[PDB]
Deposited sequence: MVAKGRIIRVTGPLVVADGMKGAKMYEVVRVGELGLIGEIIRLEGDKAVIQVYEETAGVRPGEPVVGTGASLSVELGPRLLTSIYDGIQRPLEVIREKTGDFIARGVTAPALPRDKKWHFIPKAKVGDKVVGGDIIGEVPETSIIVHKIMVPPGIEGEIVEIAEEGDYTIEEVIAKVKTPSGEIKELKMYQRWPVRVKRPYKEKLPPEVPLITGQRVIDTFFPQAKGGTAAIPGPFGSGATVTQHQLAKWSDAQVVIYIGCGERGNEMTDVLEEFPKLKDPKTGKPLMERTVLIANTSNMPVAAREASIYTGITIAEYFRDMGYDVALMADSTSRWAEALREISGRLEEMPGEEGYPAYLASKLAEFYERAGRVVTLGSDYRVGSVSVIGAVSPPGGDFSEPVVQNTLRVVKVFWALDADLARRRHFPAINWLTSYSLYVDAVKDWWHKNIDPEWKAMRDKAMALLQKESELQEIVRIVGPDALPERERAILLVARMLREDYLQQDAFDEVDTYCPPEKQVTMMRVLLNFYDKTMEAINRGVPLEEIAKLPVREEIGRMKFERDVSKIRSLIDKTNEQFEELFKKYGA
């Protein structure tokens, strides 16, 4: 069907079987064909988004007589072994449930409920709904950033945190082999659902994502990661129009999962100039995309919260990073994790530059850390950063005049900053233990390091040579603590540090 005014009604279907699916930017299944854009309209007569032949187990949640509003949960469909699909009343629909399907098996075109609206109108409800991708799904309230998206990656969670509902950028493309943060984020972030727009896809980078993603295991469950993932593919052969539409299709599907009460992570990939469809107005529209991120009290009769957190890849034409697409993206995002080729070459992993990255969410999430994890989280983070800033200043100077004239105190700062970089920032994504670092382990590791700092400065303030501190036996254990899964063992290193230093205080006197 046609449509008057701007918008040829570009829409997406939302309901069972979104998970495990692979689509183009216009929600047609894997390896499907061509459409074209404009300030107006677009075409398409090809393939269906959700299979109409699949039988789903529907469990009714509401009953005849219940009053309902848009967003209310009227049933449950176990969609994969990981995710229960929540069947919701579409937005704009409210009234009395006059008819609802018994528990059993149904295809998505079967009417599973009917609602009588205030005026008497009878509306038929199915397991899916449709929504225009260019219209933000509505919600009751957008909440201020408050709760961290816990990534389990120390540098991110500690120094450059993402809020649930927040917006982050990282240098792209995702399919890049020089780093693995992009993948760590997808599997470890405490979002239940991942919407992934593999869009830096060109050459073998397409078929890389095709044959490996059904094999990737969700480490939280042992089950396949695809079972909580919707994949959306932008290839170089695809119509530039479907590739422009791709992120709206993505974000709309994400919003749909947040509406159920899930936290969702939208990961957007990019090669150079991912668009050509539709002045500075472009910058203003990318802005509108990012503004659709958020944690919200959702529609429904029950108080209910879900979120979409956005992580966008940023890869500029020349890779100098003063190009428009990077200026525009970095203007609206609240977090930037600066992947740094020089860090990577030195095999400092993850290769996140801790001087040029930033998060504007630190104060927003500090209270959740303080109340749930550690009362000193923010103070500790600021202290370790101050150490890292100092380190950088000292290295600059030492590049000019050399290290021979350094006082013990400055060498001590370099010693402890080095321990910070090696024992805390660096993290081993390939290790069965250090691949994820629980909040509780992060703070305890930090306490160990900062206590080591306090004791180093105190000890040199008492004329203990630094050389004696650099070789304190506990240092080796502090270096290995990221590999320890038992946090109480890590914690014990504080007392162990204290007494070793005591043996040092006695071996020197006064």
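Stretches of the deposited sequence absent from the structure, as judged by C-alpha coordinates, are 1-62, 341-356.
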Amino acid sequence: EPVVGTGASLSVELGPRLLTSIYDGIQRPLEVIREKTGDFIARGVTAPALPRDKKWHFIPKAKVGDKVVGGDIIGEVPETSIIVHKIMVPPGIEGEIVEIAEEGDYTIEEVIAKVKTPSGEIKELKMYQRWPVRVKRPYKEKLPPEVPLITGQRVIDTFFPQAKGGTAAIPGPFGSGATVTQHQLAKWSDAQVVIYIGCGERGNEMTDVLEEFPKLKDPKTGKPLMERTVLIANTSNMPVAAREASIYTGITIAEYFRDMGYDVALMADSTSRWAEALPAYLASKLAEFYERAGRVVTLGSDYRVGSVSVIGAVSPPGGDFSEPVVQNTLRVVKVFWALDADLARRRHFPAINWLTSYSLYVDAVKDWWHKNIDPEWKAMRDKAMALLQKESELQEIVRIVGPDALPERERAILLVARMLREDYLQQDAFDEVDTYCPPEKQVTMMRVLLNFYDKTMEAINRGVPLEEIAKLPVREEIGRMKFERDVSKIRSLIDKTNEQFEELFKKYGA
From here on, numbers count along this sequence of modelled residues.
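Taking the PDB entry as given, 280-288 carries the higher mean Cα B factor of the two stretches 280-288 and 301-309. On average the C-alpha atoms of 196-204 have higher B-factors than those of the other stretch, with 196-204 and 412-420 being the two compared.
When the C-alpha B-factors of 102, 404, 146, 342 are read from the PDB record, the largest value belongs to 102. Comparing the listed residues 368, 354, 377, 213, the entry records the largest Cα B-factor for 213. Ranked against the other modelled residues of its chain, the C-alpha B-factor of residue 22 as given in the entry falls in the highest third. When all modelled residues of the chain are sorted by CA temperature factor, residue 464 is found within the middle third. Residue-level temperature factors show residue 29 in the highest third of its chain, judged at the C-alpha atom. Ranked within its chain, residue 10 lands in the highest third, by CA B factor from the PDB record.
Residue 45: CA B factor lies in the highest third for its chain, per the PDB record.
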